[PDB]
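Just the one chain here, the form deposited without the partner chain, laid out as structure tokens.
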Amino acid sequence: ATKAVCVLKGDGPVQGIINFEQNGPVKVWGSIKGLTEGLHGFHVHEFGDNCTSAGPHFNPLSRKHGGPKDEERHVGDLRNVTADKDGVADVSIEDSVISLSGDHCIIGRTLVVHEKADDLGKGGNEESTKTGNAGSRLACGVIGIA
């Protein structure tokens, strides 16, 4: 019955709040503003160092980057969030790999939203297997106990 929250901010105008609630799936929802219309990579990264210092995608099992439904993905690979014309992304997803307890606990890690869409590891180049070619980290926030 644990809950977590992350406030996203960056150098640009992007800002948002993302909630987390949980061996059960983790429900993830909230809103992000200041985004350009389009799909945006959304991942939990390794270090809760507020966005270049966040490190790579949270990868405790040392796996290759993938999409949320792939058996091969980083624990932090959540999905692309969608921002409408008004630059707002309403987030509402359920993820089975992250957790707020145990080996895949994300409390104290960073949540990062990217400039471009995540190719989910299916891009055909090496970078795809690492970051999904999602581009700059527009905003991030440390995941905290709510």
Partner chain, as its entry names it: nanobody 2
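Numbering follows the first chain given and starts at 1.
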query	finding
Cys51 preceded by how many uncoordinated deposited residues after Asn50	1 to 3
Gap size, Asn23 back to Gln22 (deposited sequence, no coordinates)	1 to 3
Of 108-116 and 78-86, the stretch whose C-alpha atoms average the higher B-factor in the entry	78-86
Stretch exceeding the other in mean C-alpha B-factor - 8-16, 127-135	8-16
Lowest, middle or highest third - CA B-factor, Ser92	lowest
Relative C-alpha B-factor of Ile98, binned into the chain's lowest, middle or highest third	lowest
Ranked C-alpha temperature factor of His43 among modelled chain residues, by third	lowest
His65 - which third its CA temperature factor falls in, relative to the rest of the chain	lowest
B-factor third for the C-alpha atom of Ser31 within its chain	middle
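Keep in mind that the form deposited with the partner chain bound is missing from the display, and what follows is about it.
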query	finding
Proximity of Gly34 to the partner chain in the deposited bound form, heavy atoms at 4.5 Å	yes
The partner chain in the deposited bound form - contacting residues of 87-111, heavy atom within 4.5 Å	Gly87, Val88
